[PDB]
């Protein structure tokens, strides 16, 4: 039982024939919540239970909203859990590559034999120490003979990413349609790898206005920039040479040209009010890039008991 | 500075000419959150600031959703704060009485002179030790000569109550449209005046199913029953005589006939699975009524430093 499978069975809610399963509600909780306290216990299933659960996809919307629409009447195994988890953090321009990877070109579309190959990879990795899920029923028909083209794949992945962004936005905005700049500030500061947020809190107390809002499209654009941060930094490494701090206009032009996600002046103003440690109007790549380095936020826990190893590496490398 | 005014200035966000004000976002936070940590500081205003804030009502929806629609561009003083706070917990059949109370019958509608009378009551209570808010602009026109009929008053109060129910539902359901029975259980157990929830948690662990959902209309109906609980208990006192525990069917019929809010079998089943301490299928009024006694939940803090007085009354009356 690896760490990922341990997390999966911890956040699971259904078991059947000695095999833990999961509903979309539990997947969303695992994505957005680090730890959940389950008041109740797991429950077994039968074929009647399976049909009562799978009776939701027939009346579910295949649009942008798919998981909250399904609610609790869904089924997700470990393999689909890992697949969706990789989809969460997959940047653009890798969609077509991932699609072509999921099929040996004997089928230009994807039949369920390729997902069976994925499950076989999982089982081969497991052992070397039947049951229809909701995701298969979405991609392939109830009969099981359905081709999955690339356009539908791209649509599904975009919908999943946007659904997660909407979920995080509504979780941090308490329900309102205009979150305060402070919520965006704390959302950014959450996953930054620093030990003293005091300077950033002083900055947002002093420099940032008392009242200002952020829309939803702006938050989604910033999230897409965050997920393309690696390509953005590769493009910015040429500018980091000679140690030239970048202003706001060049920052906006560069993010637009390297990630295709044009940002507003509000978000850029805010991120420069929180991150400009120095007194100049703009600061170098150092703080923003090196500090915003993990991107492993939003669940995605990597608990390789890195506490003591982190303390040891701190004691060693601190010089 | 009374406790209510202290809470108001703590949750306020705007000050002008030495007078704290408040935006709908802060009112909603004061309603749903017991304590809020303000990262930023208060800011002053000018007439230009006043117009920039009041420029929202012109493009705001007067339907069921009004406060989240306004977002942050709104204005609420202390008097309107207290008025809305009384509206939150006002039961039905008191709407028309409250309307007739807010006007000396020289006007069958309500002109702004009666709200001026309300503000005068507040100021007379304060001193005996000009500025247009958003609510006045909603009831009365920008010019200030507008009659407010009773039907619009009832519509506004119903919309406010339903808006608060939607807010609490979305805050406890994490965004999904079907909250788990456990969330309803913990929402009920929050304001119950008991010291050991262990028995109720054992009940929900054992008796309640592992997975079951609750819609939105059912939650709203249960909230309306909770706000008519006093009339419900007056009607049930005759049945409490002879100490006869009430079953489920009679409970449903009685709540329907005394509060007009018919409940589903799911909510009643759940509340009997959490509250039936004994082994019988139904338990008497004792636990449900006496335990669910406060109804002062959802903010509405009454902090008359009742900690030490509560401990003293416990030491005294415990026999």
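FYI the Cβ positions are ideal-geometry reconstructions off the backbone, even for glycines, and counts take in every protein chain you see. Throughout, read-outs are computed from the coordinates displayed, never taken from laboratory work.
In terms of the mean number of neighbouring beta-carbon atoms within 10 Å, the peptides A:163-169, B:41-47 order highest first as A:163-169, B:41-47.
Per-residue shielding of B:138-148, expressed as the average number of other chain Cβ atoms within 10 Å of the residue Cβ, stands at 0. Pairs of Cα atoms in region A:150-223 fall into 10 Å distance bins, from 0 up to the last occupied one, in shares of 17, 40, 29, 10, 4 percent. Counting only DSSP beta bridges whose two residues both lie in the protein assembly as shown, roughly 85 percent are antiparallel.
Taking the fewest neighbouring Cβ atoms within 10 Å as the starting point, the ordered list for B:302, B:255 is B:302, B:255. Taking other C-beta atoms within 10 Å as the exposure proxy, A:208, B:82 rank B:82, A:208 from fewest upward.
Let me know the mean shielding of B:36-44 by other chains, meaning the per-residue number of their Cβ atoms within 10 Å of its Cβ.
4
What does the C-alpha gyration tensor say about the overall shape of region B:1-140? Classify as rounded when a/c is under 1.5, otherwise prolate if a/b is larger than b/c, or oblate. Rounded is the answer for region B:1-140, as its axis ratio a/c remains below 1.5. The helix-based estimate of mean residue ellipticity at 222 nm for the protein assembly as shown, built from -39,500 (n - 2.57) per DSSP H run of four or more residues and divided by its residue count, is -16000 deg cm²/dmol to the nearest 500. The packing ranking of peptides B:67-79, A:104-116, highest mean first, is B:67-79, A:104-116, where packing means the average number of other beta carbon atoms within 10 angstrom of each residue. Indicate the gyration tensor shape class of region A:198-319 (rounded, prolate or oblate), computed on the Cα atoms with a ≥ b ≥ c the square roots of the eigenvalues: a/c under 1.5 is rounded; otherwise a/b larger than b/c is prolate and the rest oblate. Judged from the Cα gyration tensor, region A:198-319 comes out rounded (a/c under 1.5). Peptide packing for B:118-125, A:153-160 was compared via the average number of neighbouring C-beta atoms within 10 Å per residue; ordered from the highest value, the list is A:153-160, B:118-125.
Mean per-residue shielding of peptide B:173-184 is 5, counting Cβ atoms of other chains within 10 Å of each Cβ.
Classify chain B as rounded, prolate or oblate, taking a ≥ b ≥ c as the square roots of the eigenvalues of its Cα gyration tensor: rounded when a/c is under 1.5, otherwise prolate if a/b is larger than b/c and oblate if not. Verdict is prolate for chain B.
Each residue in A:298, B:138, A:180, B:143 was given a count of other beta-carbon atoms within 10 angstrom of its own, and listing them fewest first yields B:143, B:138, A:298, A:180.
Put one equal scatterer on each alpha carbon of region A:117-169, apply the Debye formula with no solvent term, and list log10 I(q)/I(0) at q = 0.15, 0.27 1/Å to two decimals. Rounded to two decimals, the profile gives -0.66, -1.03.
Note on region B:247-319 and region A:29-66: Cα centroid distance 32 Å, given to the nearest whole angstrom.
Considering all alpha-carbon pairs of the protein assembly as shown, what whole percent are spaced by more than 49 angstrom? So the portion of pairs separated by more than 49 Å is 24 percent.
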